[PDB]
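Have a look at the structure below, then the notes.
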Amino acid sequence: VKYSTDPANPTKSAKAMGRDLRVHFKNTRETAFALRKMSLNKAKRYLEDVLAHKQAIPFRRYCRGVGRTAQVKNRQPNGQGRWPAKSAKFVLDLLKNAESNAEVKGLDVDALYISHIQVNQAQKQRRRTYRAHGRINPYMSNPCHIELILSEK
RNA sequence: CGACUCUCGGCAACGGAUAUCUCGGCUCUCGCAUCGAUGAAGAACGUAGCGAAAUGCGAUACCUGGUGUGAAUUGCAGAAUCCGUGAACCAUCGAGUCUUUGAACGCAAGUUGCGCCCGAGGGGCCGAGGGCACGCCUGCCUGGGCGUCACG
Ligand SMILES: [K+]
Ligand SMILES: [K+]
Ligand SMILES: [K+]
Ligand SMILES: [K+]
Ligand SMILES: [Mg+2]
Ligand SMILES: [Mg+2]
Ligand SMILES: [Mg+2]
Ligand SMILES: [Mg+2]
Ligand SMILES: [Mg+2]
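Okay, so the first sequence: first residue is 2 according to the UniProt record's numbering, each after it adds one.
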C-alpha cells in the first residue's frame, strides 16, 4: 500500500492504516491535527487524557457551535475544544498497531514520533429519517480513512 | 512566530466521466404456413445428493425411449461407462409419461367444499380405474296431441 507520504527513512519507520472506520470524519481530523509531530509516548498519554476528560482537543476548523472549556486554553486561546472519545479510541488503536510493527522491526519504542498522520473521507453510508408531512430525509454517517507513520527521526 | 480564511503545486481521497469493447438493441430484405373439447394460450403447485431465481421438466418430474455422434459432466462429491448395444448439463426425433387448473365440461368456489352412475379385483362390504356440461347434425329407441286421415 502507498500512503500519501513516504517515510524518508523507511528502515527507521513503521506504518499503520485503517479504511472505512465508523467514526465521524470531522471529529477525527481535529484529533489527528492535535498530534502532528508528537512523540509516541506523549501522544498515547494525551489521547488517554482525552478519553478521561482531563485534556481537551482543540477544534479550529469544523468548529462552529463548539463550546468553550478552559482545558484547551493553552495552544487555543479561545476556549473552543472538545473530547471526542470515539475518534480518540480509533487513533489509539492505530498507534498500538504501528507500535507493534516497529517492535518487529526492532526500533525502540522510545524516540518514536508521529511523522505522518492523515484522515481522509470514506464512502458515506445511508440511513433514513422521517419528517413532518410525510417526507423522508437522508440520515448519513461520514466514515474516514486514517493513515499513520511513526518515525525514529 | 502560530491559528483562521483564500490561493498555487505534489501525493492521497471521493466520484464514475473519457477511451477501447459488446453472446444486446434498432432498421432493411428473404423463406415458410404449423394453436385448441385428441383440451390450447394463460395461471398454480411440485420436481435435483447438495437450488433460491432464471432455464428445463411433470409423481416416469433439470428427465424415460429411439436414432446420431463417439469419451465426457464438472462448483463439490459419489456412481456409471471406454477396440463399447457406449460417457455426455451432447445433437435430433418418429416411442412414452404428462399433477391442479384454465374455452373448462356433474354442481360450485375467499370451500382442495357438495352430489350421482359404472366398475376391474378381493349377497353385502372394500375397491384400482373411469364416467355424468351446453348447443347442434345424421341415424335410432321410447313417447305426446282427434293436428290430417283410413278401416273397424
Ligand atoms: K456553542
Ligand atoms: K490542493
Ligand atoms: K465508454
Ligand atoms: K356451497
Ligand atoms: Mg445552539
Ligand atoms: Mg421525525
Ligand atoms: Mg404518514
Ligand atoms: Mg436447466
Ligand atoms: Mg371448473
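Just so you know, even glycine gets a beta-carbon here, dropped at the ideal spot from N, CA and C.
Which stretch, first to last residue, makes up the alpha helix (DSSP H) that contains residue 21?
Segment 14–22 is the beta strand (DSSP E) holding residue 21; no alpha helix (DSSP H) there.
As a quick exercise: from 86, 40 and 65, pick the residue whose alpha carbon is nearest that of residue 56.
86
Proximity winner among 88, 69 and 66, relative to residue 30 (alpha-carbon distances)
88
Whole angstroms are fine: how far does the CA of residue 131 sit from the CA of residue 148?
36 angstroms
Candidates 7, 3, 15 and 2: closest to residue 112 by CA position:
15
Quick check on residue 100: does DSSP put it in helix, strand or coil?
helix
With distances taken from CA atoms, which of 98, 150 and 79 is nearest residue 65?
79
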